[PDB]
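Enquirer: compute the structure for the input listed below.
(7 chains, ligands or ions: 6)
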Amino acid sequence: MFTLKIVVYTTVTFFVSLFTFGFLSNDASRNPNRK
Amino acid sequence: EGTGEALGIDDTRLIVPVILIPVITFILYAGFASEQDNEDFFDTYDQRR
Amino acid sequence: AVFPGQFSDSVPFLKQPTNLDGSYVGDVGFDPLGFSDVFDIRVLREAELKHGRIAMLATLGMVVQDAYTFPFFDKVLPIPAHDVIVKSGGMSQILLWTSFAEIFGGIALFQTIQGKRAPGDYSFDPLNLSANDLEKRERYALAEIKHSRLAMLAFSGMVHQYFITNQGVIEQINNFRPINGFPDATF
Amino acid sequence: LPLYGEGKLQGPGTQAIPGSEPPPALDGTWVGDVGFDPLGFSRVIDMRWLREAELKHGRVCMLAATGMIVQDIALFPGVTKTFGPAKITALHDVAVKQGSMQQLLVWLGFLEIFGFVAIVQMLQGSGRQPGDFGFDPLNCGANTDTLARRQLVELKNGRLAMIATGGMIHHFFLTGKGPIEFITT
Amino acid sequence: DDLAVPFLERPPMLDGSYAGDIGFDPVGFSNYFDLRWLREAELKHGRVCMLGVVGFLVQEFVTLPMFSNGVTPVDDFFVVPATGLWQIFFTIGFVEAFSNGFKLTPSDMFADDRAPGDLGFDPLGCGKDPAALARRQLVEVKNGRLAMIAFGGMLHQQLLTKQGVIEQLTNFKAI
Amino acid sequence: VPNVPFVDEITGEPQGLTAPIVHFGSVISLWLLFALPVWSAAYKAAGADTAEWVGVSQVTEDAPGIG
Amino acid sequence: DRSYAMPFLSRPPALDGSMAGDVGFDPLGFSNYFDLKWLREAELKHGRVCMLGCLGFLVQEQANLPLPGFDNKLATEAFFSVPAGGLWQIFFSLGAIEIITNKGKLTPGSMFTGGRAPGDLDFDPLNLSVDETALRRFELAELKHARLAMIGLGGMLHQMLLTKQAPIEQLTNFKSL
Ligand code: KC2
Ligand code: KC2
Ligand SMILES: CC1=C(C#C/C(C)=C/C=C/C(C)=C/C=C/C=C(C)/C=C/C=C(\C)C#CC2=C(C)C[C@@H](O)CC2(C)C)C(C)(C)C[C@H](O)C1
Ligand SMILES: CC1=C(C#C/C(C)=C/C=C/C(C)=C/C=C/C=C(C)/C=C/C=C(C)/C=C/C2=C(C)CCCC2(C)C)C(C)(C)C[C@H](O)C1
Ligand SMILES: CC1=CCCC(C)(C)[C@H]1/C=C/C(C)=C/C=C/C(C)=C/C=C/C=C(C)/C=C/C=C(C)/C=C/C1=C(C)CCCC1(C)C
Ligand SMILES: CC1=CCCC(C)(C)[C@H]1/C=C/C(C)=C/C=C/C(C)=C/C=C/C=C(C)/C=C/C=C(C)/C=C/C1=C(C)CCCC1(C)C
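Expert: Residues are numbered from 1 along each chain as shown, chains lettered A, B, ... in the order given. Ligands and ions are numbered 1, 2, ... in the order given. There you are, the coordinates:
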């Protein structure tokens, strides 16, 4: 049960961190009208 | 359940991934960030990547 | 030193420390570990004079506290009195006032780094014992630094002999005993 | 630093090991140089550190030998009460608990901090020679020729005292007797 | 003249023009802030504290018919009705916005370059003489500097011992 | 003291920013904060640029794998 | 053309006198395949951690904060006694400085783009090394102590784990087997 808990925490944190630091990586510039 | 632990963290083990995985992601993001032109701008958004 | 060569007069087998030219009072060329080569001699002399000026008051305070305590404070030895007064809030008053003084002490230190004030040289001579006379000031400064060093060592002694013997300094001199019950103790 | 007896002792033309020749570090200037270094410690380690170690060992071991003898002939009053009858290495363990050996370690370490500084300073060209701590209060080393000789005596007696102290300690391990008692057996 | 802290150099901006200037600013607030704003704050604090000191003295022995007296003057703030305190606050706001010309910011208070503390309040003509004004400017600032400390002490040892300042002096006891 | 506030009810120990130990830690915090501005400048003015401050080692420097 | 530390092996091409810790020892030859600046920075950083870690093993083991969960000598078993709360706020303190010293540049493709030499985070409060000779001897001293302290924390830690005894205690007790 705890093993499943820590695995799910690992997965959730991984994807949430990817989302967080991906939208923080100057996402507004990723448009076809840049330059 | 219903115990009131902060972020559901009842075991101290749960914190190791919760703090480290953002830190590895932060380290990877810092290589991107340090490469950017971090001076100010007067625009609605930054067009420099 | 038995062989020819230039060496510190303090330690004949070690060189004269480089930044200890000799201008400073009490400069016996004693810096084996070379702090002066790593730090300002100005800032280090400030620290020395501050430690000495605190420790001389500390030594005389221990002696007087053993001899006499005020009618309103209890009669406890100098070391165990610390907790009695920290609670009484007295130490949280000495600390406040000394911190208030040391704000300007630190500003003066930063002005010593800029070479505007000699280390430890406040303009404190209200009775004017040696302000007019310069050679008297130099002699008194040498005596000040000697007393500073001696009082630091004496304070360290008088506290550790208490930590072992559990006696005041006057009590120890009147009733001197060896530590650990050695008049009857084996191994 | 002219060498006393250069030609008969401590000098060129006196090479101890006839077949072998000495390392290039062992020149004719050093004191007590009989051209003896078969294992070749000198080429690896600087000669100043090596002579510092030799003189420190010799000076420590002369005191150690005379201590192990004098402790048998006589003892300071009161040691027999605190310390029971206790010879060379048992007395170490007893005195460690007594706390005397802590004081010896503290103060000899305090002196050896400045010994470390002196070794450092000599090894960076301070001009100090090995083992020269400027200690000659009686001015008996003032004359240069007598100083020359006394240096080789210091080295040789240090070596003899080193071997002697090894002897006394291992004889104690064998018989559990001191030097004076061991010799009369 | 003599320097307040003789082991620290005189501050550069703190020239001897304002009354009561003995070259005292070790931490260096003059360098990083307008000395006119600081002088105005000094005089305002001194004036409110002089008035408050006299308030502590008079309130201990006097109480108007409509109000009731507390154990100490500091207690008079709490027995008094709450609405009147807000009336006082808004009256002081009107006085401090009208008297300052409705210029209540450091960037605009001295647009007209008036002297700090010169709110144009001078009924009875005191200080009309050029020489008397110079001495009275010094008297004001030194009395205000005294009264800030005095108000602080009287407040804190009226709260610590629930006793007015005069009654404390007539019946002093250790804390 | 009777009317001192921010104090405990039964313990009698002052608590918070008005405690004796918080004052002590506050002095040491300001010490740690003032250490770098003070001793860094002490280092800047004097420093070990004496042209004699040099590390010394027992082994011969011909082959120490020296940098 | 033969390594000094490994006489039998030929010298690694990358390894060189210029490094300040070179003795020709890279038998694997990692140097050939990674940024040697990155490798030196990693070596000095691991060693700077371990140099403090061994002394910690030792000081924590004798003295300790009088705070309630701070007093547990066996360091191995101490990490858990002090709360992770504390261990985390410290981990976060080291994070701040990681990014402070490295100045944001903390990836292999970005760390040294600013010209920072490896293993320097611009720290030199004392023991100044403006003297290249002094820098040259001090860097070898630092590298040797880094390498030694690695072995150290390793032993102390694995050993504290083996016998539940802190460093000084274990050897004195030296319960063997
Ligand atoms: C200097 C400051 C100041 C000014 C400039 C000012 C001006 C005016 C004006 C002019 C426009 C009017 C018309 C007005 C009227 C009333 N004032 Mg008032 N007042 C000031 C101060 C106080 C204080 C301290 C108190 C107070 C009060 C009352 C009451 C009582 C009502 C009641 O019966 O409850 C009434 C009717 C008392 C109070 O509200 O008591 C509950 C009270 O304590 N005022 N006040
Ligand atoms: C050098 C590194 C370092 C820094 C820079 C740093 C800074 C600050 C600051 C500054 C902004 C604050 C305000 C703060 C506060 C707290 N620190 Mg912290 N701290 C560091 C180190 C440790 C260690 C080793 C421990 C620790 C702890 C706590 C607790 C305990 C709360 C509790 O548990 O009730 C609190 C409230 C202990 C802990 O959490 O465990 C008991 C603990 O062991 N800290 N700490
Ligand atoms: C950098 C710097 C500065 C500085 C500084 C400072 C504070 C530097 C501090 C450096 C430190 C603390 C270094 C520690 C090194 C320790 C080592 C090598 C340990 C080895 C242990 C071994 C091999 C072992 C072992 C053992 C094991 C495993 C098993 C046990 O049973 C036995 C045993 C215990 C023997 C300053 C401030 C001057 C400023 C300057 O501008 C820059
Ligand atoms: C105190 C204490 C302890 C202890 C202890 C101590 C301190 C023990 C040991 C002490 C000393 C001084 C040992 C000396 C050994 C000398 C030897 C083997 C000489 C060899 C000579 C040779 C090969 C000669 C060579 C030669 C010579 C000269 C002449 C011919 C040529 C040549 C071949 C070159 C413990 C451990 C019991 C623990 C206790 O709790 C506390
Ligand atoms: C309590 C209460 C009751 C009713 C109303 C309300 C609820 C608002 C509330 C009001 C609270 C108010 C008005 C609080 C005001 C606080 C005051 C005036 C505090 C004053 C603190 C003063 C202090 C420290 C002074 C200490 C000064 C020192 C050492 C100066 C040092 C020195 C200097 C600068 C130069 C010469 C040498 C010397 C003397 C060493
Ligand atoms: C496990 C645990 C317990 C408590 C804390 C926590 C939960 C966090 C967790 C922490 C664990 C940590 C910090 C583990 C760290 C591991 C460490 C420091 C391991 C070190 C291992 C070192 C080893 C093998 C060294 C062996 C070296 C050798 C042969 C070298 C050989 C040699 C070489 C290479 C060249 C010259 C010749 C010579 C000397 C023979």
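
Enquirer: next, count neighbours for the residue of chain B found nearest ligand 1.
Expert: Across chain B, the shortest distance to ligand 1 (C-beta to the nearest ligand atom) belongs to residue B:4, at 46.7 Å. Every residue, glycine included, has its C-beta placed from N, CA and C. Per other C-beta atoms under 10 Å in any protein chain shown, the neighbour tally for residue B:4 reads 5.

Enquirer: right, is the top helix by length along chain G up against chain D?
Expert: In chain G, with assignment by DSSP state H, the single longest helix is helix G:132-162. No: using C-beta under 8 Å from any C-beta of the partner chain, helix G:132-162 never reaches chain D; the gap is at least 9.7 Å.

Enquirer: so is the next helix or strand after that helix next to ligand 3?
Expert: For helix G:132-162, the succeeding helix or strand toward the C-terminus, using DSSP states H and E, is helix G:167-173. Yes: residues of helix G:167-173 contacting ligand 3 under C-beta under 6 Å from any ligand atom: G:167, G:170, G:171.

Enquirer: ranges for the helices of chain A?
Expert: Going by DSSP H, chain A shows helices at A:2-23.

Enquirer: same thing with chain D?
Expert: According to DSSP H, the helices that chain D contains are D:41-44, D:47-73, D:79-82, D:88-98, D:100-123, D:144-175, D:179-183.

Enquirer: and those: which comes nearest residue C:112?
Expert: Nearest to residue C:112, of all the helices of chain D, is helix D:100-123, at 28.3 Å by C-beta to C-beta.

Enquirer: orientation of that closest one relative to helix D:47-73 in degrees?
Expert: 160 degrees (axes from the mean of the first three to the mean of the last three C-alpha atoms, to 10 degrees).

Enquirer: next up, the contacts around residue C:161.
Expert: For residue C:161, the contact set (C-beta atoms under 8 Å, 6 or more residues apart in numbering or on different chains) comprises C:167, C:169, C:172.

Enquirer: what about the residue nearest the centre of chain G, which SS state?
Expert: Nearest residue to the geometric centre of chain G (C-alpha atoms, centre = their mean): residue G:47, 1.4 Å. Following DSSP: H, G, I helix; E, B strand; the rest coil, the label given to residue G:47 is helix.

Enquirer: what about the nearest residue to it once chain neighbours are set aside, distance to chain F?
Expert: Nearest non-adjacent residue to residue G:47, counting by C-beta to C-beta, 6 or more residues apart in numbering or on different chains: residue G:146, 2.1 Å away. Per C-beta to the nearest C-beta, to the nearest Å, residue G:146 is found 13 Å from chain F.

Enquirer: residue G:50 is in contact with residue G:146, correct?
Expert: Yes: using C-beta atoms under 8 Å, residue G:146 is in contact with residue G:50, at 7.1 Å.

Enquirer: one step back: starting at the chain centroid, how far to the longest helix of chain G?
Expert: Its chain's C-alpha centre and that of helix G:132-162 lie 6 Å apart, by C-alpha atoms, centre = their mean, to the nearest Å.

Enquirer: how much space between residue B:4 and residue C:150?
Expert: Using C-beta to C-beta, to the nearest Å, residue B:4 is found at 62 Å from residue C:150.

Enquirer: help me confirm that the residue of chain B closest to ligand 1 is found in a helix?
Expert: No: counting by three-state DSSP, residue B:4 falls outside a helix, being coil.

Enquirer: what helix or strand is the closest residue to residue F:50 other than its chain neighbours on?
Expert: With sequence-adjacent residues excluded and distances taken as C-beta to C-beta, 6+ apart, residue F:50 is closest to residue C:18, at 4.8 Å. Taking DSSP H and E as the definition, residue C:18 sits outside all helices and strands.

Enquirer: so who does residue C:18 touch?
Expert: Counting by C-beta under 8 Å, 6+ apart, residue C:18 touches C:36, C:37, F:50, F:52.

Enquirer: out of the residues you listed, the closest to ligand 6 would be?
Expert: Of the contacts of residue C:18, the one sitting nearest to ligand 6 (C-beta to the nearest ligand atom) turns out to be residue F:52, at 33.8 Å.

Enquirer: who are the contact partners of that closest one?
Expert: So residue F:52 contacts C:18, C:37, D:124 (C-beta under 8 Å, 6+ apart).

Enquirer: 6 Å instead?
Expert: By C-beta atoms under 6 Å, 6 or more residues apart in numbering or on different chains, residue F:52 lies in contact with nothing.

Enquirer: tell me the secondary structure for it?
Expert: coil.

Enquirer: and it, how far from residue C:19?
Expert: Between residue F:52 and residue C:19 the computed distance is 11 Å (C-beta to C-beta).

Enquirer: same question, residue G:130
Expert: Distance from residue G:130 to residue C:19, by C-beta to C-beta: 16 Å.

Enquirer: between those two, who's got more neighbours?
Expert: Relative neighbour count places residue C:19 above the other of residue G:130 and residue C:19, with 19 against 12, counting by other C-beta under 10 Å.

Enquirer: what sits closest to that one if chain neighbours are left out?
Expert: Closest residue to residue C:19 apart from its sequence neighbours, by C-beta to C-beta, 6+ apart: residue C:36 at 4.2 Å.

Enquirer: what's the answer for residue C:109, then?
Expert: Residue C:109 sits nearest to residue C:46 (C-beta to C-beta, 6+ apart), 5.6 Å away.

Enquirer: buried residues in the helix or strand the one you found falls within?
Expert: Assigned by DSSP H and E, residue C:46 falls within helix C:41-67. Residues C:41-52, C:55-56, C:58-59, C:62-63, C:65-66 are the ones in helix C:41-67 that count as buried (16 or more other C-beta atoms under 10 Å in any protein chain shown).

Enquirer: again, but for stretch D:40-54
Expert: Neighbour count says stretch D:40-54 has D:42, D:46, D:47, D:48, D:49, D:50, D:51, D:52, D:54 buried, by 16+ other C-beta under 10 Å.

Enquirer: closest residue of chain E to chain A?
Expert: residue E:107 (34.7 Å; C-beta to the nearest C-beta).

Enquirer: run a quick neighbour tally on that residue.
Expert: Using other C-beta under 10 Å, residue E:107 has 9 other residues around it.
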